[PDB]
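Consider the single chain below, provided in structure tokens and representing the form deposited in one PDB entry.
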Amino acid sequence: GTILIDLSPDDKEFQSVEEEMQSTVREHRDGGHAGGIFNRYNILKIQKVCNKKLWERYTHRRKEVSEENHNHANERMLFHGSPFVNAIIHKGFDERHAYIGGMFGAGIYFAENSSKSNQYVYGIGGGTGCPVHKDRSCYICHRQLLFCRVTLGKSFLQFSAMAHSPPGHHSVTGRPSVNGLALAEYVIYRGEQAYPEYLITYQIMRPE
């Protein structure tokens, strides 16, 4: 049921999404081990992901959450990188897309920082890198990220140095307490609380 619609680079929708992508690159404590060494991306394509059934599933859940949290779904747009991006855009998020050993338990992880999601495009810790060159810092192979609509509801705040939501909460907010320049990461425990709205195809760029 999924169809992908190409946005034109001249479209302001493309531009606002590219700007979120580029502006949220940061340095990582691994020096680029997992995701590569870059300060910016070459964006190749931005597609809108259209799936009626996955959208209605998302909105039905969003309304329930909102009703449990003073009419506030606490909806964000957040990045997600995963080797399962093609399954996600066709079938939706589910338990198979959870990070079982994640620091906030077994849920689905999202990032404010695009470069943080980029670390997971080829697997946990970057896996073995790009399929073609086995290079976690490949400047040639095309990567994909999702920019997702995510319902957080009442989010448990965990300051930081498929399972269930903590009782009374709809998600977890991992807030970096040590690196004051890292943005938050978020965990949801039901796939119905995220819709994979934009599929972004890109390359990381070698610093000049």
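Definition used throughout: the rigid core is the maximal C-alpha set that superposes within 1.5 Å between two forms. Quick note: we count residues from 1 along the sequence shown, nothing fancier.
J.: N42: absent from a third or more of the other PDB entries compared?
T.: Comparison shows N42 kept in all of the other entries.
J.: In at least a third of the other compared PDB entries, does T151 have no coordinates?
T.: No, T151 is modelled in every other compared entry.
J.: Using the PDB record, quantify the missing residues of the deposited sequence between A161 and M162 as none, 1 to 3, 4 to 9, or 10 or more.
T.: Unmodelled stretch: 1 to 3 residues, a short break.
J.: Report the stretch with the higher mean CA temperature factor, choosing between 163-171 and 35-43 on the basis of the entry.
T.: Higher of the two, by average CA B-factor, is 163-171.
J.: According to the deposited model, is the average Cα temperature factor higher in 173-181 or in 150-158?
T.: Averaging CA B-factors over each stretch, the winner is 173-181.
J.: Which one of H72, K134, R76, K116 shows the top CA temperature factor in the record?
T.: Comparing C-alpha B-factors across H72, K134, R76, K116, the maximum falls on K134.
J.: Hey, out of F110, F104, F93, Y122, whose CA B-factor is highest in the deposited coordinates?
T.: Within the set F110, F104, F93, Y122, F104 shows the top C-alpha B-factor.
J.: In terms of the chain's CA B-factor thirds, is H142 lowest, middle or highest?
T.: Its C-alpha B-factor belongs to the middle third of this chain's values.
J.: Give the position of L54 by CA B-factor within its chain, expressed as the lowest, middle or highest third.
T.: Highest third of the chain for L54's C-alpha B-factor.
J.: For the chain shown, is the CA B-factor of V85 in the lowest, middle or highest third of its modelled residues?
T.: Tercile = middle for this residue's CA B-factor.
From this point on, the text means the form deposited in another entry, which you will not see here.
J.: Only one of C148, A182, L145, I46 shifts by 2 Å or more at CA between this form and the one not shown when the core is aligned; which is it?
T.: Comparing the C-alpha positions, the one residue that moves 2 Å or more is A182.
J.: Using a rigid core alignment, state whether the CA of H97 is displaced by 2 Å or more between this form and the one not shown.
T.: Yes; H97 is a residue whose C-alpha shifts (by 2 Å or more) between this form and the one not shown when the cores are overlaid.
J.: Might you say whether the CA atoms of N179 and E75 end up closer or farther apart in that other deposited form than in this form? Their distance differs by 3 Å or more.
T.: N179 and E75 sit farther apart in that other deposited form.
J.: Look at the CA atoms of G126 and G180: state whether they lie closer or farther apart in that other deposited form than in this form, given a difference of 3 Å or more.
T.: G126 and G180 sit closer together in that other deposited form.
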